[PDB]
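Before any questions on how it binds or moves, here is one chain, the form deposited in one PDB entry, in structure tokens.
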């Protein structure tokens, strides 16, 4: 559970926002890309796994699950690549609610920057700091408890 992440892809302004959620904490990382490709997803996962101890990734769709480039990145980074089938039906709603929240925050800051990527990183910051513990606090505590 400390090492479990979920990929999520949402759309805004004709661009793609790729999100990784640490399932146990709600902590996120995100990036803007022109379109979701295997190569972009693979690079995103490489970045993620260099920064946090990623054991398992539930992929966001079948194309990324199938992608040999994504499989290669997961091999390289020591990640178990899994499907994202919501065996628990509450998973759909949770991700739906997160995308809605994220877009709301992006709207609240969108005029503080020209580029969507800047607004998305502001939204990541606000989400991860929001308190009673924050997602940023929870992920660190969860992983530290695991290490020891």
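Positions refer to the first chain, counted from 1.
Averaged over CA atoms, B-factors in the entry run higher in 109-117 than in the other of 31-39 and 109-117. Of the two stretches examined, 51-59 and 83-91, the record assigns the greater average C-alpha temperature factor to 83-91. The PDB entry assigns residue 12 a C-alpha temperature factor belonging to the highest third of its chain's modelled residues.
What comes next is about the form deposited with a small molecule bound, which does not appear here.
Shown alone here, residue 101 lies within 4.5 Å of the small molecule in the deposited bound form, counting heavy atoms only. Contact check for residue 86: no non-hydrogen atom falls within 4.5 Å of the small molecule in the deposited bound form.
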